[PDB]
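Below is one structure; the comments refer to it alone.
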Amino acid sequence: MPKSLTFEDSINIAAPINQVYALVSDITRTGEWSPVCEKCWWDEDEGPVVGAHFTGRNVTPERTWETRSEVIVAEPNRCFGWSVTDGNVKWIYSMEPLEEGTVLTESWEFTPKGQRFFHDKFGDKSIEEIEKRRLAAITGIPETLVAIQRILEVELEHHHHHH
């Protein structure tokens, strides 16, 4: 039942917080004059603080879509969590720097606001659509946590560390 489209996953990575922060924050890339992006900028231009929001319209031969994400929690080298639109989608990345690595803990909190975007169109028939995005995050977020860990550990050594 449409109640709370929320999922979280945490993993211990054998790489420092400098690696983990730079890996999870993937928006800024080769785009000095906008190639695959139409217009994309980050809060590093102004100031990455609570209330600031990085905005990026992406352009593809299929779609043209824009994502603004507001920094509702800014903790320098402790936790960086943004929100796509006014309390609609949350992406909360808790970063715990160990003396042997960093534990990344992601929390996706999709509220009834964006659920209503499906519900108000179909309701009965949109149940599958809200379950779709739920289950795609239940599979997608843990997958991503392992991918962040993996690419870093291969880059650290690749040798010895393999089960």
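Please go through the range 96-127 and give me each residue that is within 16 Å of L23 (Cα to Cα) and over 13 Å from the mean Cα position of the chain (by Cα), ordered by number.
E96, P97, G101, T102, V103
Go over the candidates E155, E109 one by one and state the one that is touching a strand residue (DSSP E or B) at 6+ places or on another chain (Cβ under 9 Å) and among the acidic types (D, E).
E109
Can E106 be described as of a type outside the set (V, I, T) and either touching a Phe, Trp or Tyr at 6+ places or on another chain (Cβ under 9 Å) or under 24 Å from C37 (Cβ atoms) (or both)?
yes
Could you look through the range 63-106, keep only residues that are acidic (D, E) and either surrounded by 18 or more Cβ atoms within 10 Å (Cβ to Cβ) or touching a helix residue (DSSP H, G or I) at 6+ places or on another chain (Cβ under 7 Å) (or both), and pick out the one that is nearest to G31 (Cα to Cα)?
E70
In the range 114-163, what residues are assigned to a helix (DSSP H, G or I), of a type in the set (S, T, N, Q), out of contact with any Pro (no Cβ under 6 Å at 6 or more places or on another chain) and surrounded by 15 or more Cβ atoms within 10 Å (Cβ to Cβ)?
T144, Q149
For the range 30-62, what are the residues that are farther than 30 Å from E100 by Cβ, under 18 Å from the mean Cα position of the chain (by Cα) and surrounded by fewer than 12 Cβ atoms within 10 Å (Cβ to Cβ)?
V49, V50, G51 - these are the residues of the range 30-62 that are farther than 30 Å from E100 by Cβ, under 18 Å from the mean Cα position of the chain (by Cα) and surrounded by fewer than 12 Cβ atoms within 10 Å (Cβ to Cβ).
Cβ: placed from backbone, ideal geometry, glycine included. Neighbour counts: every protein chain shown. Here, each number is a calculation from the coordinates, and none is a lab measurement.
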